[PDB]
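Novice: Begin with these chain(s), straight out of the complex:
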Amino acid sequence: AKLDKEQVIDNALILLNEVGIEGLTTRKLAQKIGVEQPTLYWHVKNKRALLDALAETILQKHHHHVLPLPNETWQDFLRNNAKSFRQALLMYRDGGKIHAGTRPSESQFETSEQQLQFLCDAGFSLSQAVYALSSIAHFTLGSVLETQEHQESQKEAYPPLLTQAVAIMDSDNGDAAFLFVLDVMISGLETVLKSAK
């Protein structure tokens, strides 16, 4: 035979970069792979399945700060977790739209479970931990979808502050903005814990 699932997914990651999330189809993956539709069907049963597969495997491949390191404060962890998640979303074309709307995978259960436990052990109620992890994902993803969709935008007279505001944001493709509000999020949450009185 031929097809192991990781080869299929690797071809799918190449295709995503070549044609983007919209033009990525099951039928096109089968072209690139050199195979019939119903042999692909056993690995990836529809487009949704395929996209969920990319979402996961992109994180398996490039999202390595999944867990607090022995020397880390929950502050450190959150920072380095979020940075790692963002570079991982930036790695692929439409990486932000690939992730959006997924839920963590079986391959991510033990670490994601751990991320929440780690936050509960830090002082946070569950809700709080859930909302903080969730929302740092949303923040990061929003940051990445915007900068990705922006530089893909080939369109063809701001006021003073707005001119600088947009200059500042086109400069680093959103880096400093990201790091700053990650930092205010983490101080925000610090104040949540200080709300033990």
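Specialist: Perfect, I can see it now. Residues are numbered from 1 along each chain as shown, chains lettered A, B, ... in the order given.

Novice: Can you name the element that comes right after the helix or strand harbouring residue A:131?
Specialist: Here residue A:131, judged by DSSP states H and E, is contained in helix A:126-152. Next in sequence after helix A:126-152, counting helices and strands by DSSP H and E, comes helix A:160-171.

Novice: tell me which residues of that following helix are tucked away?
Specialist: residue A:169 (16 or more other CB atoms under 10 Å). Where C-beta positions appear, they are placed from N, C-alpha and C, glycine not excepted.

Novice: Which strands or helices does it pack on?
Specialist: Under the contact definition 3 or more CB pairs under 8 Å, 6 or more residues apart in numbering; DSSP states H and E, helix A:160-171 sits against helix A:175-194.

Novice: chain center to the helix it packs on, what's the gap?
Specialist: Computed by CA atoms, centre = their mean, to the nearest Å, the chain-centroid distance of helix A:175-194 equals 18 Å.

Novice: and if you look at stretch A:142-155?
Specialist: With CA atoms, centre = their mean, you get 15 Å for stretch A:142-155.

Novice: next one: stretch A:55-71
Specialist: Once both centres are worked out by CA atoms, centre = their mean, stretch A:55-71 turns out to sit 10 Å from its chain's centre.

Novice: Pull the contacting residues for residue A:96.
Specialist: With contacts defined as CB atoms under 8 Å, 6 or more residues apart in numbering, residue A:96 is in contact with A:89, A:141-142, A:144-145, A:148-149.

Novice: Apply 6 Å and report the result again.
Specialist: A:89, A:141, A:144-145, A:148 (CB atoms under 6 Å, 6 or more residues apart in numbering).

Novice: the domain parsing of chain A - what is it?
Specialist: A:1-65, A:66-197 (curated CATH domains).

Novice: which SSE is the spatially most central residue of chain A in?
Specialist: In chain A, the centroid-proximal residue (CA atoms, centre = their mean) is residue A:89; its distance is 4.1 Å. Secondary structure from DSSP H and E places residue A:89 in helix A:74-90.

Novice: Tell me the buried residues in that helix?
Specialist: Quick answer for helix A:74-90 (16+ other CB under 10 Å): A:74, A:77-79, A:81-82, A:84-90.

Novice: got the angle for that helix vs helix A:175-194?
Specialist: Counting by axes from the mean of the first three to the mean of the last three CA atoms, to 10 degrees, helix A:74-90 lies at 150 degrees to helix A:175-194.

Novice: quick one on the thing from earlier: list the buried residues for the helix holding residue A:131?
Specialist: Buried-residue list, helix A:126-152, by 16+ other CB under 10 Å: A:128-129, A:132-133, A:136-137, A:139-141, A:143-145, A:147-148.

Novice: same question, stretch A:178-197
Specialist: Buried residues in stretch A:178-197, counted by 16+ other CB under 10 Å: A:178, A:182, A:185-186, A:189.

Novice: how far out from the middle of the chain is stretch A:79-90?
Specialist: Per CA atoms, centre = their mean, the centroid offset for stretch A:79-90 relative to its chain is 7 Å.

Novice: Extend the structure above with chain B:
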Amino acid sequence: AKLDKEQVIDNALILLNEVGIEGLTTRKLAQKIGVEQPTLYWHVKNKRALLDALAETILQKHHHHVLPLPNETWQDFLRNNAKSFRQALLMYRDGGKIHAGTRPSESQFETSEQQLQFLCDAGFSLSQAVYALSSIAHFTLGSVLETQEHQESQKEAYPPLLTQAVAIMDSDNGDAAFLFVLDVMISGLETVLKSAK
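Specialist: Chain B added:
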């Protein structure tokens, strides 16, 4: 003749809901409107132009907390601005993907300019103001793209904390998560100002 730009855009808003951002095309707008391509062309010259038009007009129509109200702290403003932006993104199918990657419009220059001035007058450096407005948009947009792409996901065994974490997030389609981390953002920034010593 027939076509004023607002009728075209109104038809485009109906279509977006009917077919979504991917299936929305210039050629399809012309169908719905009852008109030839090159007569549409004068209002909306390509797909990008069209999408930028939706992005703006959706905010013109549904994003009404553009400015601090006489009785508002910058805290109040940011909160109510962000809430207003999010409900505005939720109003349309793919509203989050319609906004992503745009830059504020001519119709938004005087208010957006004002939002930054207002923040500078509050104590924030420009950078800070730019990063806070930018990033609250990113946060809100990420929050909305995720919940929208999620409920559109018709796919067909979590651990304990993860089971609750996801239950909590499917409950309110992300509301409480949003309000909580908006609140920690705004406390985060409060600490930025306390960093005048």
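
Novice: In light of the added chain B, please revisit what packs on helix A:160-171.
Specialist: On a contact count with 3 or more CB pairs under 6 Å, 6 or more residues apart in numbering or on different chains; DSSP states H and E, helix A:160-171 meets helix B:109-122, helix B:126-152.

Novice: what sits against residue A:55?
Specialist: A:98-99, A:102 (CB atoms under 6 Å, 6 or more residues apart in numbering or on different chains).

Novice: Could you dump those residues into TSV with neighbour count added?
Specialist: Formatted as TSV, the contacts of residue A:55 follow (neighbours: other CB atoms under 10 Å in any protein chain shown):
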residue	neighbour count
A:98	25
A:99	29
A:102	20
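
Novice: could these go into JSON lines alongside distance to chain B and secondary structure?
Specialist: As requested, these are exported to JSON lines (distance: CB to the nearest CB, whole Å; DSSP: H, G, I helix; E, B strand; the rest coil):
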{"residue": "A:98", "distance to chain B": "10", "secondary structure": "helix"}
{"residue": "A:99", "distance to chain B": "8", "secondary structure": "helix"}
{"residue": "A:102", "distance to chain B": "8", "secondary structure": "coil"}
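
Novice: and the direction of the helix holding residue A:89 versus that of helix A:126-152, what angle?
Specialist: Going by the same axes, to 10 degrees, helix A:74-90 makes 40 degrees with helix A:126-152.

Novice: quick one: helix A:74-90 near chain B?
Specialist: No. Using CB under 6 Å from any CB of the partner chain, helix A:74-90 stays clear of chain B, with a minimum separation of 10.4 Å.

Novice: picking that back up, pick the most deeply packed of the helices and strands packed on helix A:160-171.
Specialist: helix B:126-152 (a mean of 23; mean count of other CB atoms under 10 Å in any protein chain shown).

Novice: Could you tell me how far that one lies from the centre of the chain?
Specialist: 8 Å.

Novice: Can I get stretch A:185-194 in PDB, CA atoms only?
Specialist: Output of stretch A:185-194 as PDB, limited to C-alpha atoms (Å, rounded to 0.1, in the frame of the first residue of the first chain):
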ATOM      1  CA  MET A 185      -3.100  40.400  31.100                       C
ATOM      2  CA  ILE A 186      -0.700  38.700  33.500                       C
ATOM      3  CA  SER A 187      -0.700  41.700  35.900                       C
ATOM      4  CA  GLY A 188      -4.500  41.800  35.500                       C
ATOM      5  CA  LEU A 189      -4.600  38.200  36.800                       C
ATOM      6  CA  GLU A 190      -2.100  39.100  39.500                       C
ATOM      7  CA  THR A 191      -4.700  41.400  40.800                       C
ATOM      8  CA  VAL A 192      -7.200  38.700  40.700                       C
ATOM      9  CA  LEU A 193      -5.100  36.700  43.200                       C
ATOM     10  CA  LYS A 194      -4.500  39.900  45.300                       C
END
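
Novice: do that stretch and chain B meet at all?
Specialist: Yes. Using CB under 6 Å from any CB, we find that stretch A:185-194 touches chain B at A:185, A:187-189, A:191.

Novice: Contacts for that stretch, please.
Specialist: Contacts for stretch A:185-194 (CB under 6 Å, 6+ apart): A:75, A:78, A:123, A:132, B:184-185, B:187-188, B:191.

Novice: again, only this time at 8 Å
Specialist: A:75, A:78-79, A:122-124, A:128, A:132, A:135-136, A:139, B:181, B:183-188, B:190-192 (CB atoms under 8 Å, 6 or more residues apart in numbering or on different chains).
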